[PDB]
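Chemist: The structure follows.
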Amino acid sequence: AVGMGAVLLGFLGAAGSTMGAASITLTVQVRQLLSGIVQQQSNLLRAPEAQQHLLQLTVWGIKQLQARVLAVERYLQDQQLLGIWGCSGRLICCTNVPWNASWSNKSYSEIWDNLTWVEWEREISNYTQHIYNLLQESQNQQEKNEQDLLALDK
Amino acid sequence: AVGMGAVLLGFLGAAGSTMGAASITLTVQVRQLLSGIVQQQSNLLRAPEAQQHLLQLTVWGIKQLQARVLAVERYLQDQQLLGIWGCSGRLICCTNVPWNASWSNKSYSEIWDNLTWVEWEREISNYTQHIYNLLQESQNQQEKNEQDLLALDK
Amino acid sequence: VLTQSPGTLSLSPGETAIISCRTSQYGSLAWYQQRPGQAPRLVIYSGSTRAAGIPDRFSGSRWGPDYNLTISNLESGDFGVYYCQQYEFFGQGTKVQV
Amino acid sequence: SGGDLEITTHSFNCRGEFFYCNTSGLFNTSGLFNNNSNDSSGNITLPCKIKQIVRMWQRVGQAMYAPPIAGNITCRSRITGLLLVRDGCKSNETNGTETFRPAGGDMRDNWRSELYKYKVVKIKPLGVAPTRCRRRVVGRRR
Amino acid sequence: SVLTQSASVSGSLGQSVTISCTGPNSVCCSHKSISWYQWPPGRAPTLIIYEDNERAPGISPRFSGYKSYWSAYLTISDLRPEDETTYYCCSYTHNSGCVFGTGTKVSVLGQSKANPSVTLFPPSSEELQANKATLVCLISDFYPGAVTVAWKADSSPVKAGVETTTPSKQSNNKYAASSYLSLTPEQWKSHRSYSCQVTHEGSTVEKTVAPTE
Amino acid sequence: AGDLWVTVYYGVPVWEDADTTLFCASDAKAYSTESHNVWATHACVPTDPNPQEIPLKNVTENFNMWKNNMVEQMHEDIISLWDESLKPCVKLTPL
Amino acid sequence: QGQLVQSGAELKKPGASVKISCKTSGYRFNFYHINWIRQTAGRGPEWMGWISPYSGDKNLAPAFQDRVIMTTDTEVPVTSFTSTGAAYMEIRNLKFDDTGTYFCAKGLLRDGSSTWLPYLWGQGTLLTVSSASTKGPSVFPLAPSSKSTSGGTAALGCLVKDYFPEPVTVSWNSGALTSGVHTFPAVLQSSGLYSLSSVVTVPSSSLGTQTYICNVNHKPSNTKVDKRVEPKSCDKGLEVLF
Amino acid sequence: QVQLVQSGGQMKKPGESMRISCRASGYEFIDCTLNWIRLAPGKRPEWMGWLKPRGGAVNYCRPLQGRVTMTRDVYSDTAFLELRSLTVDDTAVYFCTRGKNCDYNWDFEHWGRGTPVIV
Amino acid sequence: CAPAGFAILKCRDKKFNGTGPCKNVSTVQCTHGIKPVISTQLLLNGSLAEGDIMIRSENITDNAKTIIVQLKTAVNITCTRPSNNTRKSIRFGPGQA
Ligand SMILES: *[C@@H]1O[C@H](CO)[C@@H](O[C@@H]2O[C@H](CO)[C@@H](O[C@@H]3O[C@H](CO[C@H]4O[C@H](CO[C@H]5O[C@H](CO)[C@@H](O)[C@H](O)[C@@H]5O[C@H]5O[C@H](CO)[C@@H](O)[C@H](O)[C@@H]5O)[C@@H](O)[C@H](O[C@H]5O[C@H](CO)[C@@H](O)[C@H](O)[C@@H]5O[C@H]5O[C@H](CO)[C@@H](O)[C@H](O)[C@@H]5O)[C@@H]4O)[C@@H](O)[C@H](O[C@H]4O[C@H](CO)[C@@H](O)[C@H](O)[C@@H]4O[C@H]4O[C@H](CO)[C@@H](O)[C@H](O)[C@@H]4O[C@H]4O[C@H](CO)[C@@H](O)[C@H](O)[C@@H]4O)[C@@H]3O)[C@H](O)[C@H]2NC(C)=O)[C@H](O)[C@H]1NC(C)=O
Ligand SMILES: *[C@@H]1O[C@H](CO)[C@@H](O[C@@H]2O[C@H](CO)[C@@H](O[C@@H]3O[C@H](CO[C@H]4O[C@H](CO[C@H]5O[C@H](CO)[C@@H](O)[C@H](O)[C@@H]5O[C@H]5O[C@H](CO)[C@@H](O)[C@H](O)[C@@H]5O)[C@@H](O)[C@H](O[C@H]5O[C@H](CO)[C@@H](O)[C@H](O)[C@@H]5O[C@H]5O[C@H](CO)[C@@H](O)[C@H](O)[C@@H]5O)[C@@H]4O)[C@@H](O)[C@H](O[C@H]4O[C@H](CO)[C@@H](O)[C@H](O)[C@@H]4O[C@H]4O[C@H](CO)[C@@H](O)[C@H](O)[C@@H]4O)[C@@H]3O)[C@H](O)[C@H]2NC(C)=O)[C@H](O)[C@H]1NC(C)=O
Ligand SMILES: *[C@@H]1O[C@H](CO)[C@@H](O[C@@H]2O[C@H](CO)[C@@H](O[C@@H]3O[C@H](CO[C@H]4O[C@H](CO)[C@@H](O)[C@H](O[C@H]5O[C@H](CO)[C@@H](O)[C@H](O)[C@@H]5O[C@H]5O[C@H](CO)[C@@H](O)[C@H](O)[C@@H]5O)[C@@H]4O)[C@@H](O)[C@H](O[C@H]4O[C@H](CO)[C@@H](O)[C@H](O)[C@@H]4O[C@H]4O[C@H](CO)[C@@H](O)[C@H](O)[C@@H]4O[C@H]4O[C@H](CO)[C@@H](O)[C@H](O)[C@@H]4O)[C@@H]3O)[C@H](O)[C@H]2NC(C)=O)[C@H](O)[C@H]1NC(C)=O
Ligand SMILES: *[C@@H]1O[C@H](CO)[C@@H](O[C@@H]2O[C@H](CO)[C@@H](O[C@@H]3O[C@H](CO[C@H]4O[C@H](CO[C@H]5O[C@H](CO)[C@@H](O)[C@H](O)[C@@H]5O[C@H]5O[C@H](CO)[C@@H](O)[C@H](O)[C@@H]5O)[C@@H](O)[C@H](O[C@H]5O[C@H](CO)[C@@H](O)[C@H](O)[C@@H]5O)[C@@H]4O)[C@@H](O)[C@H](O[C@H]4O[C@H](CO)[C@@H](O)[C@H](O)[C@@H]4O[C@H]4O[C@H](CO)[C@@H](O)[C@H](O)[C@@H]4O)[C@@H]3O)[C@H](O)[C@H]2NC(C)=O)[C@H](O)[C@H]1NC(C)=O
Ligand SMILES: *[C@@H]1O[C@H](CO)[C@@H](O[C@@H]2O[C@H](CO)[C@@H](O[C@@H]3O[C@H](CO[C@H]4O[C@H](CO[C@H]5O[C@H](CO)[C@@H](O)[C@H](O)[C@@H]5O)[C@@H](O)[C@H](O[C@H]5O[C@H](CO)[C@@H](O)[C@H](O)[C@@H]5O)[C@@H]4O)[C@@H](O)[C@H](O[C@H]4O[C@H](CO)[C@@H](O)[C@H](O)[C@@H]4O[C@H]4O[C@H](CO)[C@@H](O)[C@H](O)[C@@H]4O)[C@@H]3O)[C@H](O)[C@H]2NC(C)=O)[C@H](O)[C@H]1NC(C)=O
Ligand SMILES: *[C@@H]1O[C@H](CO)[C@@H](O[C@@H]2O[C@H](CO)[C@@H](O[C@@H]3O[C@H](CO)[C@@H](O)[C@H](O)[C@@H]3O)[C@H](O)[C@H]2NC(C)=O)[C@H](O)[C@H]1NC(C)=O
Ligand SMILES: *[C@@H]1O[C@H](CO)[C@@H](O[C@@H]2O[C@H](CO)[C@@H](O)[C@H](O)[C@H]2NC(C)=O)[C@H](O)[C@H]1NC(C)=O
Ligand SMILES: *[C@@H]1O[C@H](CO)[C@@H](O)[C@H](O)[C@H]1NC(C)=O
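Sequences listed follow chains A, B, C, D, E, F, G, H and I, in order.
Just so you know, my numbering puts 139 at position 139 of the first sequence, and the rest follows in order with no gaps.
Just so you know, my numbering puts 170 at position 16 of the second sequence, and the rest follows in order with no gaps.
Just so you know, my numbering puts 403 at position 95 of the third sequence, and the rest follows in order with no gaps.
Just so you know, my numbering puts 502 at position 96 of the fourth sequence, and the rest follows in order with no gaps.
Just so you know, my numbering puts 558 at position 10 of the fifth sequence, and the rest follows in order with no gaps.
Just so you know, my numbering puts 845 at position 84 of the sixth sequence, and the rest follows in order with no gaps.
Just so you know, my numbering puts 924 at position 68 of the seventh sequence, and the rest follows in order with no gaps.
Just so you know, my numbering puts 1141 at position 43 of the eighth sequence, and the rest follows in order with no gaps.
Just so you know, my numbering puts 1262 at position 45 of the ninth sequence, and the rest follows in order with no gaps.
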């Protein structure tokens, strides 16, 4: 177990660690999704305007743009998803959806004190998108209930 | 009226339906804004790296990039707007702004049980951006009031 | 390196034939049939995997040093001599004829 | 055993001029080590051939003319690995042996030679798991 | 052990039965976590309970746990033929080895009965070629296991050379034993009738083999 | 009226094997802008002075150098840089 | 899926040294502690120590802190979440009453108040510390015997005699036949030797056709025996059917 | 589909040489490895050597080391093989052969039509 | 370098075979400095093996797949074109030379 300042530097640092221990490092994985791995000892000037010639159409030029856009392309998908689950701006979000033993019948400690996330995500590999569908179906049945409430509410 | 799992598949499915009924389908319209229309029976591998030649500068290559970026370009505008209205991460957001009969003087049911959204948005077509301006002006008069509060609060 | 057993064995269109092949060291084992005029056509290559246009009649099997090749419903169009390949090493060969 | 010059020789460039050195000397064999009283051992020199009009990657890409560098040139590289290929057929089981020869046909092996220790993965930040926490007005009695 | 659990407890099939564990303030119980193992003698144990309240994976809710300030307990309900083994408790901390209990053997009352399947064999030619010949008798598939032996050569109580084994439980959930008789081929030829009789809940069945009768 | 619910975590430390576009980063030590390189072009982003290599404790990962898109990526980059570099240069066909 | 396999049985002079093995498989080795427990002669079970394959952190009971020596090998990765590993225990200066069944057992959890807790136990490894020498199993075959002759059933087997120390592992038909087999225990005779019997319950029909062979072995005396059971019975007990 | 059309089988005499071509189609001639497997009366199908048409890289079978010479015109997509010091025993029908895929040469799904040389 | 949300994994095993598990891994966003050397038979100016010299192949038995050797200690090779060749510019218009 390391310090709060090291946690920031340790991208994928709780990969082989137990699922419960991984939660201190949620932010550091998130930050990587757009900015890549964090830099400590050196922090150069990352501002705009570094293309002073026709170099934006070269091999690397195109490649970089593709990598830049893909990076945000993907980030938004993850956000939009969390959004339509009603978990916007939450690194840990409780839902209305009850867990299913068919998905997994492990106790808290059988998971959180015994499994790594990739290990567990491999167990839930099959039932994942279906859950993603319930998460979203829940959110709707919530929005429905609100309009329901706005009707009785004069 | 269809099932929770069908609601997910029915993009623009409450288009001709009454405004009150459209609320169960808010998430499904949102998801389309970035990922397009959902796919059910088939879900292929949409990962990166499918451009193995100089094809990124061709007709379709450029066209795709334009469509990809425009898609997120627009998504953010809708978000940033909701954000500066104080409605971030909300599919239904209450405001402080009172409704104006000049905008519309229909009762709840005269709208929600009688109109489709596009039908209604056509009625409010004129007074919309002005509202968008009040929504934002409200948010500011809120932020002002908070700093006001932080001053008296020692 | 490959002792393609048995030596030679021809039989009727009804009886289901079986050809085996011993193995020295590990490696993908395939089979080919040399029909009249034609070239040795690939029929079974990885072991249990069939080639392009090969019917269910042909079926490969077994684990370890030995490996089998089985076909029922034999025909005059299924005549010719087979071979057992491993890397660049071939087997003796076994045939079905008149 | 054969092929384009670039494949049947050691090819490279020093300061821009492209070389084709006869690796025959490097592969005579000399496997049994006696050392000969540490004699007959200085440098081992390979005849090199030099060419200017040059086409890499075969068909993809055009032919290049390498302009000559004026004056004599010499570069020193460090040999960090080799690309070999085995002659394979049935031979004397006891006590026979296999022979190896150099190969340089596909440049991808040069790239595999350095990249072997790397692989790229995609990160999957979303994760889902059971918990005794419900939504709305409850997080288990509070 | 210092941590003393009960000697032996009796339970009734279908119902419950409890096992207690206790010792001085040191080995128990406050600020000490308690576990439970079923430990079928001759086989590797099985963890039933580990955090007093908590059950190991795949364990039935039948087995339940409770620790008071001075004692640990272990309820085991819907009793079965497999629960006739001996169980163990243990007191441990988050960073210290287990302090196993004294052990508790369990009896599941009100279960069915079975009769000892005898199979008497003669001393083979190899034995008779030594010359040292021994008789081989073996009872199996019987319970309750509380049985007793009585060999009879010409209806006489035999003493020297007669070795019996203590009855062991089986995969058939029943108890089984075995007894021998070491003599010479000269004695074997002959002393009337060499009988192998054994008793169980009154039923004293006999399976005899002799060289003449 | 339940016991356990789906709980959603963002920033979860998981990865899957993947093929993607890789851009280039150069050591930027090439002072001379005049004498510019065919592979380390101006489009290469400047290197990090400190290359941060994070040890993945408790992680065992399978590799296979013989099925690695990186080399095909690297290979096609190489031959594309070489082509782009003589694209502006003078044709010698009168010879 | 996990699996801990211990070493074979050993017979040691009192005052001698010995090292017991524990080869793991099916799970990540360094993820869990390996424990050591022994079943004493008259002291029941007895946790000796545990050790972390990952950190090397040991915890030895005061009793053995200067008697036994816990050590481990480095794990060999098999899959992303499985690895082989080996754990050891050298209990030197072997006193008496050390004769018993020695167990290794992997921990329960990876983080919590019960991480090291013995969950997956091994096979055991019977130790016999003694002056007494070693003696092999005098294997003889048992003739066929029909118990319920009215139906036609019967039983055959092999008798293991005059050996020490325990144990003896029997098998049938080169280690293939499993149905009807039944290995009985044994007792300490006056001399000191042990002696068991293994029965495989099969009728008197497939006698002259099917083959039955007892594959007996004894690791302490290092013997491996194969015996053919003779299909013959000159007695009034079985001779009814024919 | 791919196909490997071949030359006509010439008539030869011992102590001489022969050259038999093989034109490929339907695939990128360079990307995949081509072999030469001849078939004589009764003997196991004899592989002589593979040819990687990238840089003419080759690997000949031991008994044929000295006589065999596999080349290619990468422009006409033609595969060439010369065989000097002829014998009545090395007489056979010749088949240029490429594998199933470029990841493995030894599953010869694609054979060329036989070329019959007579000695 | 990989895009954001992606990462490169570096095998730090000192006696690595190429395929299979790696006990010692480390994530990086960028590959270390790799010089694009184009050479044949001999691999020049590259990375030596840490443990000892290494042989790698998809399967050695498949003679049709290249053996890739990695030395532990490098071997200097010094090549040269020793002649003092003077060069001339030959122009053909407009200024093309
Ligand atoms: C592997 O690896 C290895 C290692 O790494 C490698 O090798 C390498 O290589 C490299 C490359 O190639 C190299 O480098 C090079 O070198 C060279 C030489 O040097 C020298 O000299 C110089 C000068 O120069 C001059 O001289 C010479 C002789 O000497 C000649 O040859 C030349 O030509 C020139 O001439 C001139 O003059 C004259 C008079 O004299 C006249 O006549 C004429 O006309 C002219 O004018 C010098 O400078 C140098 O010096 C250096 O060194 C020293 C020591 O030795 C020092 O003292 C000094 O300072 C210097 O150093 C520095 O740096 C370093 C680093 O580097 C450091 O360490 C130090 O400290 C310092 O800082 C000598 O002495 C040269 O020349 C070159 O240069 C060039 O190149 C580059 C690139 O590479 C660049 O950058 C520059 O700028 C230049 O450029 C040029 O060229 C190019 C091509 O080449 C081009 O591209 C450009 O554009 C330009 O061009 C121009 O010019 C030319 C001429 O030059 C012409 O042709 C054109 O047309 C235009 O006009 C470089 O530097 C090295 O050396 C090597 N090393 C070894 C060890 O070997 C290899 O390669 C590899 N391999 C593989 C396979 O990869
Ligand atoms: C197999 O193949 C292999 C590869 O294919 C073969 O490898 C080759 O082996 C050869 C030897 O076997 C190697 O040859 C060695 O070369 C060096 C070169 O140093 C000289 O050049 C330096 C830079 O160039 C200047 O000089 C050249 C030549 O004159 C000019 O052309 C340049 O223009 C440039 O000119 C400047 O300098 C001059 C003055 O020299 C000025 O007038 C100009 O205006 C310019 O300013 C240069 O830095 C050196 O200068 C030092 O040495 C001078 C004397 O030579 C001295 O006057 C200088 O003051 C200076 O000394 C001071 O500065 C240095 C700076 O580092 C300090 O370290 C030093 O202490 C002083 O403070 C030099 O001009 C050459 O020096 C070597 O000579 C040594 O080895 C030979 C071997 O026969 C010995 O016999 C010599 O005694 C000598 O030993 C020295 O070291 C001893 C200690 O170890 C010491 O005790 C001695 O007293 C002595 O100082 C070699 O000749 C060749 O490089 C190599 N090639 C490659 C690619 O590897 C291999 O041979 C082959 N084998 C077989 C079996 O086939
Ligand atoms: C590229 O090049 C590479 C090489 O560089 C190629 O790689 C290999 O490819 C092959 C397939 O092409 C892979 O598959 C292996 O196939 C083996 C074939 O086994 C057969 O033949 C043997 C012949 O001896 C036979 O024993 C086997 O049957 C036995 O088991 C059954 C079930 O018990 C029984 O019914 C039989 O009668 C046999 O058992 C009797 O006989 C035994 C004789 O020794 C007795 O010991 C036994 O008690 C009984 O009396 C079978 O018919 C197969 O064996 C291989 O299994 C390996 O590897 C597996 C992983 O792939 C692993 O899961 C297995 O457990 C086994 O591992 C063994 O060795 C390691 C060594 O450390 C141990 O750690 C293991 O625990 C295990 O050893 C124990 O178990 C043994 C059996 O009980 C026992 O003898 C031993 O003492 C230990 O107790 C494979 O499945 C092969 O994996 C590839 N790699 C290697 C390295 O070989 C590759 O193909 C090529 N590429 C291409 C495209 O071709
Ligand atoms: C391929 O071909 C190549 C070309 O032929 C070939 O390249 C050459 O290889 C050699 C190696 O064999 C290169 O290195 C040389 O090594 C000699 C031995 O090095 C030992 O000494 C080092 C320094 O020791 C300091 O500390 C000691 C502590 O007491 C002192 O006693 C020393 O006096 C010295 O003092 C320090 O402190 C002083 C304080 O007052 C200070 O002044 C002084 O400058 C210095 O800082 C040790 O570090 C080293 O040991 C290390 O490694 C071992 C394990 O290997 C560890 O156990 C140790 O703990 C330690 O980490 C060695 O014991 C050097 O003598 C030789 O000196 C040159 O460099 C020094 C500066 O370092 C110069 O001052 C000096 O003039 C020498 O000339 C250099 O400069 C000139 C002018 O610029 C230049 O022309 C010349 O080429 C050279 O660079 C040198 O370091 C050699 O440099 C390579 N040359 C080239 C051109 O590349 C290659 O090996 C071939 N490879 C193959 C595979 O074939
Ligand atoms: C990679 O994989 C590996 C393997 O899976 C992972 O390692 C695992 O990490 C977890 C969590 O760190 C471990 O669980 C913990 O185990 C310890 C065991 O205690 C041992 O160490 C004690 C000291 O620990 C410090 O020192 C060691 C170096 O030795 C450091 O490595 C540690 O980090 C600590 O800084 C030591 O005191 C103990 O020894 C005893 O006996 C010896 C011999 O007689 C004496 O010398 C000692 O004095 C002592 O008497 C012992 O050897 C537990 O202590 C932990 O329990 C605390 O935390 C639990 C929750 O996590 C909680 O349930 C416990 O009750 C306890 O709670 C703490 O807080 C309470 C708050 O009220 C306090 O009241 C309480 O007293 C206590 O302070 C925990 O169970 C795994 O064992 C370990 N796995 C292995 C195989 O070793 C690793 O995490 C993975 N990831 C990475 C990135 O590496
Ligand atoms: C820590 O997590 C691992 C999983 O990575 C747990 O291991 C798993 O345990 C179960 C039994 O508890 C093993 O078998 C199961 O069997 C039942 C039938 O009896 C079957 O229905 C299940 O699907 C499952 O197969 C399972 O194989 C095993 N997994 C592995 C990879 O070994 C482990 O128990 C957890 N630790 C604790 C203390 O709970
Ligand atoms: C999750 O559920 C499976 C069954 O779906 C559990 O399997 C147990 O297997 C043992 C084997 O002896 C049975 O006795 C139990 O009755 C089974 N339990 C159930 C609930 O059926 C498995 O143990 C459970 N836990 C894990 C971690 O997989
Ligand atoms: C190897 O070839 C080199 C060529 O430079 C020569 O000097 C050397 O004598 C040769 N050795 C043998 C054993 O042929």
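Cβ atoms here follow ideal geometry from the backbone N, Cα and C, with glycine treated the same way.
Distance cutoff 8 Å, beta carbons only. Does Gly487(D) sit that close to anything in chain H?
Modeler: Here residue 487(D) refers to the residue found at position 81 when the fourth sequence is read from its first residue. Closer than 8 Å: no.
Chemist: For a contact defined as C-beta to C-beta under 8 Å, what are the partners of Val466(D) on chain F?
Modeler: Along the fourth sequence, one-based indexing puts residue 466(D) at 60. Within 8 Å Cβ-Cβ: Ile840 and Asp844.
Chemist: Measuring CB to CB, does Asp386(C) end up less than 8 Å from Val406(C)?
Modeler: As a position in the third sequence, residue 386(C) is number 78, starting the count at 1. As a position in the third sequence, residue 406(C) is number 98, starting the count at 1. No, these two residues do not count as a Cβ contact at 8 Å.
Chemist: Taking DSSP's pairing of strands, which residues face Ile624(E) in a bridge?
Modeler: The residue labelled residue 624(E) in the question sits at position 76 within the fifth sequence. DSSP output for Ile624(E) lists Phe611(E) as bridge partner(s).
Chemist: What does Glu795(F) pair with, by DSSP beta-bridge criteria?
Modeler: The residue given as residue 795(F) occupies position 34 in the sixth sequence. Answer is none; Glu795(F) lacks a bridge partner.
Chemist: Is it right to say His579(E) is buried, meaning 16 or more other beta carbons lie within 10 angstroms of its own, or is it exposed?
Modeler: As a first step, residue 579(E) is located in the fifth sequence; it is residue number 31 there, counting from the start. The residue in question, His579(E), is exposed, as its Cβ has fewer than 16 Cβ neighbours within 10 Å.
Chemist: Mind listing which residues of the segment 1277-1298 of chain I have their C-beta closer than 8 Å to chain H's C-betas, in chain order?
Modeler: Taking 8 Å as the Cβ-Cβ cut-off against chain H, the residues of the segment 1277-1298 of chain I that qualify are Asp1279, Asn1280 and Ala1281.
Chemist: For a cutoff of 8 Å on Cβ pairs, would you count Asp1171(H) as touching chain C?
Modeler: On the eighth sequence, position 73 is the one that residue 1171(H) refers to. No, its Cβ sits nowhere closer than 8 Å to a Cβ of chain C.
Chemist: Alpha helix (DSSP H) containing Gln1287(I): first to last residue?
Modeler: Reading the ninth sequence from its first residue, position 70 is the one you call residue 1287(I). First-last for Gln1287(I): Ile1284 to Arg1298, but that is the beta strand (DSSP E), not the alpha helix (DSSP H).
Chemist: List, in order along the chain, the chain I residues whose C-beta lies closer than 7 Å to that of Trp1148(H)?
Modeler: Along the eighth sequence, read from residue 1 onward, the residue named residue 1148(H) stands at position 50. Those are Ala1281, listed as they occur along chain I.
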